[PDB]
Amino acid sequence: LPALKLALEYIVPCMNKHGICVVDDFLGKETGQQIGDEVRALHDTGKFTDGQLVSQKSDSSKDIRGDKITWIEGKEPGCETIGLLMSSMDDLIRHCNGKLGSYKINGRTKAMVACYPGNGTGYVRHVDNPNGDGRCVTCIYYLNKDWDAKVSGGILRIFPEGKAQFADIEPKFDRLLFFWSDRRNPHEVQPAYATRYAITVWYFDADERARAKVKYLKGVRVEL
């Protein structure tokens, strides 16, 4: 699918109606596989953090750690297919510009690459952007060949505002997900029993981010 077609015929109407959108087979398998090798390579060469402290036991031999991360700009040695994905995410968003809510997306973060190490850790119920920091859309790409959740866990459970029900999304190979970052979409990752990779970028709305600047707040100091 051409990027603009996916945008106009799927991502735009779906986001505006449901605020959660799944595109399967986004880059195809040669390119997915390649991103996979790049992410595994970052892992094996120790580029990730050790993982979120889950259980801080008193003896610390026995501390339990969870999701590991690394931030990627997209041009680093070893990361060029990741840079490629990011560029591809950007192209898709830019083809939706204007058309997702009344937002005007002018910015994103670096890619946050996450590895749930498969030791039964997950990620607690949260909202990505609760306090108005400018992030309007979360975009995650999943890396996980032949993932079977019945076996390996690691479902993303989203809990849309004012719904009795949730939405389970499997972290399937070459799947791209978008959802609104704010309190509309509380979500969690259920415990993962196999190594589970995902790559997230967040997109900024211009107005929200411009006044987050003010609210939050050397520099951005000047003078006297």
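Between two forms, the rigid core is defined as the largest C-alpha subset superposing within 1.5 Å. A residue's number is simply how far along the shown sequence it sits, counting from 1.
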25-33 against 39-47 - segment lying farther from this form in 5 other deposited structures of this protein (CA RMS, rigid core fit): 39-47
Missing residues, deposited sequence, between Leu217 and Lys218 (class: none, 1 to 3, 4 to 9, 10 or more): 1 to 3
110-118 versus 90-98 - which carries the larger mean C-alpha B factor in the record: 90-98
Stretch exceeding the other in mean C-alpha B-factor - 199-207, 20-28: 20-28
Given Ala194, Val54, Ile69, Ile155, the residue at which the Cα B factor reaches its maximum: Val54
Candidate set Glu188, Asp182, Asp50, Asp168 [ranked by C-alpha B-factor, highest]: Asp168
CA B-factor ranking of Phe159, expressed as a third of its chain: highest
Third of chain Cα B-factors occupied by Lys145: highest
Third of the chain's Cα B-factor distribution that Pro77 belongs to, per the entry: highest
For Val39, the third of its chain into which the C-alpha B factor falls: lowest
Ranked C-alpha temperature factor of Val137 among modelled chain residues, by third: lowest
